[PDB]
């Protein structure tokens, strides 16, 4: 029954495929070597950093480490504006609210803690404690001050509602753990990558999957969304990055090298979307020409594996947090 | 000459206060020893966790127990799904993995030797010692003593097995039991010895349903586990 | 044969000391430089043991830095850097030697403490206490060697010769024995005792914990750590006092025997100076971890440059 | 089950892969100068310098 539908989908994808992006990208000159330099080193985490996020203002950034600390850095001055102590030391994700008032963090507690920063008391406290996931919570992303999408290790995602404090919709269909997700620029749909080597696109409003992409061979540790929202990129344990498009329904590009045999940990795009910066278990991050799949630089400089990466919304800098816990900012 | 300078001074004051707090917390973090409590549900992991609880709400059940002026932080991860290859990466910095395995139920044992094999050879745990608790020995002793303990069928090699010379059995236990309980211990040790370049070790311990010495055993092993770490750091290796 | 021994001693002092001091100066500066590079630009998590090891490496480097004047003077046979420089260089050489010995002793006392208090809870393993003890070692050795100054102070060109052949033989000994007691014997006895305790502790731990952990390598290293220290220093210290005693007027005489004594002491000096070259290898590079840190930090430098 | 989800997944207005690749090209080259990482901005107005 399902094999017929799978065959139909594959045949439709092949019919829609005429020429690969590599084939038609020969007419564009390459970006060339990029000598990105460390402009800041935001040391201060006691243990390995596992996630970080930029504020919409592109100045503040929240970073979570396994020592139970969630530090909000002012990237320009390197000062720490808050150091939230978590109730559970094993935090695996963090998120900065688009308005900059709240900060979410998940982890092995299976619970998403939402802290309020702009609080009249002057001290940050757990504004909300969203529970309902039956597994470790592996990604958080705010849609506004009253919504947050959390993807957990129980093979599900969930759109919550902070004001009322319980699930508003549940996104199911993944076979394995849902490692990471990325919201579209319009926050009308989002793609989540799981360990079943498949990334699924969900409509936040409809609460149902729209299309799945299964071009990977192993777990999908990282996933982003091309700046225009019409395509996304994923990184898997097989050391390969894959750029899929929503409309083409299929993989557009594969970024890989013969000298990398270690999985991805974090991917992101530049403001224009021309560059794809991917963090690797090889203690370094690589910049890829999103249109030509060429290693246009390498951001080495971490004594341990890069666990999180993120470009500022204005595109000025690229923060990179690694298990060495120094969180270098590149530009 | 005051609009931007008061804010800068306030930001620096907050930064220095936060840095002082982080320095204060660093001593506690370095002093506390983090542990991971793995083992099947049929094993007595929860009972041991409570037994040191006397001396987490959802997902991961932390446990503060303190012995000899040093505090141990155990993390029973029983709230997660059956599969663990992903969140195991979180505990790459744990001092020692505590592995509680039910020595009584044999049918559910050859899987505990295989959860141990994957753990021992795991990519992110090839530098973490495993404190192995062969729990529920009283049940095993009364089960073998009462017969119907056809452990030979599950492991045919048990027929061609004899108690090792270096064993230290209690004076008043059935010699058959001593050969049965040391047989299981060796199987886990064979898995541990078959891999690892002397970078992490296995500490097999026999525990009953109730034993106040479990915290002491973990303290002794953690003492020896960091002793090896200190020797490596001091270039004695 | 008496003239034969005279020629032997002359040639020995002329060539053997210069060549050996050149080898020890080229190996040691390199090794101690690697050590200090790895300690300053890497391994941020400093502690008591790291403080002692870094202090030992710094003392050894300062010990080597004071050789070149001796090398050139023994090669050419005439010291030509004045009187002040000779006194300063020789005093700092001897002071750094004995500070190295004391830091070896305290490295043994911190290898015993960490083996006996793995959790770093005895309050002597605190970094502040280590810094205080290091400063105490430096100042104590500086004070110990002050009575050397009247001995090495030459009398007029520059009549600045070695420590054993200068000054009043009767005062050059009363002190050379005291500096051996407080300088090499006492640190040797405490180091032997504490490494003996470590060997017993490792043996007991092996017998107690039988989880396939013989720990044969650490036992050999502590045995070798004191064996090389005792075998490289004892010939020099024990022979030194004999050389000074050979200048004592109580029996004195026997010119030919004095030549033999001088030559046998002259050969023993570069042996004691060998510790300053072996220590970087034995304590830092022979083991893992630090060597891996040096290699990784040596790869980082290549990428940067 | 999976059949119901796949039935509505198939009803998607797919487009040619070449058109999608050309649209990504158009977006990339329509914001080339607006990317501080693709074209390093001068230190004069760079916030980090």
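List of remarks:
- Residues of region B:9-32 that are more than 9 Å from chain A (Cβ to nearest Cβ) and closer than 21 Å to residue C:45 by Cβ: B:20, B:23, B:24, B:27, B:28, B:31, B:32.
- Tallying residues that are more than 8 Å from chain D (Cβ to nearest Cβ) and either out of contact with any helix residue (DSSP H, G or I) (no Cβ under 7 Å at 6 or more places or on another chain) or part of a helix (DSSP H, G or I) (or both) within region A:17-54 yields 21.
- All told, residue A:183 meets the bar of being touching a strand residue (DSSP E or B) at 6+ places or on another chain (Cβ under 9 Å) and either away from chain D (no Cβ under 14 Å) or over 30 Å from residue D:31 (Cβ atoms) (or both).
Conditions tested, residue by residue: (1) loosely packed, with under 14 Cβ neighbours inside 10 Å; (2) farther than 30 Å from residue C:48 by Cα.
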{"residue": "C:125", "(1), (2)": "no, no"}
{"residue": "C:132", "(1), (2)": "yes, no"}
{"residue": "C:135", "(1), (2)": "yes, no"}
{"residue": "C:138", "(1), (2)": "no, no"}
{"residue": "C:141", "(1), (2)": "no, no"}
{"residue": "C:144", "(1), (2)": "no, no"}
{"residue": "C:156", "(1), (2)": "yes, yes"}
{"residue": "C:160", "(1), (2)": "no, yes"}
{"residue": "C:163", "(1), (2)": "no, yes"}
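- Candidate set from region B:49-59 (those that are crowded, with 19+ Cβ neighbours inside 10 Å and touching a helix residue (DSSP H, G or I) at 6+ places or on another chain (Cβ under 9 Å)); member that is farthest from the other protein chains (Cβ to nearest Cβ): B:51
- Listed by position, the strands (runs of 3 or more DSSP E) contained in region B:1-113 that have at least 1 residues being more than 15 Å from the chain's Cα centre (by Cα) are B:61-67, B:70-76.
- All conditions in (1) buried (at least 18 other Cβ atoms within 10 Å of the Cβ); (2) on the phi > 0 side of the Ramachandran plot hold for residue A:25, with the sole exception of (2).
- Of all residues making up region A:172-218, the number that are assigned to a loop (DSSP other than H, G, I, E, B) and within 12 Å of residue A:155 (Cβ to Cβ): 8
- If you go through region D:1-22 and keep only what is under 15 Å from residue A:247 (Cβ atoms) and not in a helix (DSSP H, G or I), you end up with D:11, D:12, D:13, D:14, D:15, D:16.
- Residue in region A:230-240 that is over 17 Å from the mean Cα position of the chain (by Cα), surrounded by fewer than 21 Cβ atoms within 10 Å (Cβ to Cβ) and either more than 14 Å from chain D (Cβ to nearest Cβ) or closer than 16 Å to residue A:267 by Cα (or both) present: yes
- Residue satisfying all of: in region B:64-83; more than 8 Å from chain A (Cβ to nearest Cβ) and crowded, with 19+ Cβ neighbours inside 10 Å; farthest from residue B:189 (Cα to Cα) among these: B:65
- Test: residue in region D:33-49 that is under 30 Å from residue A:286 (Cα atoms), surrounded by fewer than 14 Cβ atoms within 10 Å (Cβ to Cβ), within 8 Å of chain A (Cβ to nearest Cβ) and touching a strand residue (DSSP E or B) at 6+ places or on another chain (Cβ under 9 Å): yes
- For the residues A:271, A:292, the requirement of being surrounded by fewer than 23 Cβ atoms within 10 Å (Cβ to Cβ), within 11 Å of another protein chain (Cβ to nearest Cβ), assigned to a loop (DSSP other than H, G, I, E, B) and out of contact with any strand residue (DSSP E or B) (no Cβ under 8 Å at 6 or more places or on another chain) singles out A:292.
- Restricting the search to strands (runs of 3 or more DSSP E) fully inside region A:63-109 and requiring at least 3 residues that are under 13 Å from residue A:47 (Cα atoms) gives A:69-74.
- Hits in region D:19-32 (condition: within 30 Å of residue A:329 (Cβ to Cβ) and more than 7 Å from chain A (Cβ to nearest Cβ)): D:29, D:30
- Leading residue by the ranking (nearest to the chain's Cα centre (by Cα)) among those in region B:216-233 that are more than 10 Å from every other protein chain (Cβ to nearest Cβ) and either more than 21 Å from residue B:48 (Cβ to Cβ) or surrounded by fewer than 20 Cβ atoms within 10 Å (Cβ to Cβ) (or both): B:217
- Taking the criterion of being within 9 Å of chain B (Cβ to nearest Cβ) and surrounded by fewer than 21 Cβ atoms within 10 Å (Cβ to Cβ), the only residue of region A:55-68 that qualifies is A:68.
- Filtered residues of region A:69-96 (kept if crowded, with 18+ Cβ neighbours inside 10 Å, more than 8 Å from chain B (Cβ to nearest Cβ) and more than 20 Å from residue A:309 (Cβ to Cβ)): A:84, A:86
- Hey, residue B:197 more than 27 Å from residue B:216 (Cα to Cα), within 14 Å of chain C (Cβ to nearest Cβ) and surrounded by fewer than 16 Cβ atoms within 10 Å (Cβ to Cβ) or not: yes
- Selection within region D:8-18 - at the interface with another protein chain (Cβ under 7 Å from one of its Cβ atoms) and under 13 Å from residue A:5 (Cβ atoms): D:9, D:10, D:12
- Residue B:93 falls short on exactly one of the conditions (1) closer than 15 Å to residue B:218 by Cβ; (2) in contact with a strand residue (DSSP E or B) (Cβ under 8 Å, 6 or more places away or on another chain), and that condition is (1).
- The one condition in (1) under 30 Å from residue B:185 (Cβ atoms); (2) surrounded by fewer than 20 Cβ atoms within 10 Å (Cβ to Cβ) that residue C:300 fails to fulfil: (1)
- Pair list, Cβ < 7 Å and 6+ apart or interchain, from region A:1-16 residues that are at the interface with chain D (Cβ under 9 Å from one of its Cβ atoms) and on the phi < 0 side of the Ramachandran plot to residues that are part of a helix (DSSP H, G or I) and surrounded by 12 or more Cβ atoms within 10 Å (Cβ to Cβ): A:2/D:2; A:2/D:6; A:5/D:6; A:5/D:10; A:8/D:10; A:9/D:10; A:16/D:17
- Among the numbered conditions (1) within 30 Å of residue C:260 (Cα to Cα); (2) part of a helix (DSSP H, G or I), the only one that residue C:78 does not meet is (2).
For neighbour counting, all protein chains shown are included, and Cβ atoms are generated from backbone atoms with ideal geometry for every residue, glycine included. Values in this text are rule-based calculations from the coordinates and carry no lab data.
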